[PDB]
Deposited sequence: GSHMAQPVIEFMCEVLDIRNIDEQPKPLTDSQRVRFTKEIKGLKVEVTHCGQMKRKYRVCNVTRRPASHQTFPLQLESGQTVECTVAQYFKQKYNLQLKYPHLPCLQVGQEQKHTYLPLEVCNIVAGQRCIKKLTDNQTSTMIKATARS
């Protein structure tokens, strides 16, 4: 089974009350989380059965609420999932994952991500 990256995060940062502390992440926490998620493979969950897979290459410093990107004029990733997918993010305060080629600057909210377990 695939594990939600939110849960993976809470495990990495030793959190149990993620829904009690709507607090953003400390620089210390982000760095600790980034080390663990960087390089893992993830699958999108907001597109039904179109579970597109991505390679996490980094973690943003800005929350999904503020992370911006070149939308075809700049937009907020949180807006995106509210406008295009009509889904208010549960954690707009947590960072987004950067997936794919660096220069492509693709950001995904942690909420919509599941860690893909290897199948050797």
- request: Could you name the stretches of the deposited sequence that have no C-alpha atoms in this structure?
  value: 1-3, 76-81, 130-149
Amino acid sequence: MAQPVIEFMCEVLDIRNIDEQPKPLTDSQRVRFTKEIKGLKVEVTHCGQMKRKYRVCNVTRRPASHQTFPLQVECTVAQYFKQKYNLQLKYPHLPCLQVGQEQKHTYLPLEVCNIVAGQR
From here on, numbers count along this sequence of modelled residues.
message: Comparing average C-alpha B factors as deposited, tell me which of 75-83 and 51-59 sits higher.
response: 75-83
task: Report the stretch with the higher mean CA temperature factor, choosing between 106-114 and 19-27 on the basis of the entry.
output: 19-27
- line: For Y91, the third of its chain by CA B-factor is the middle
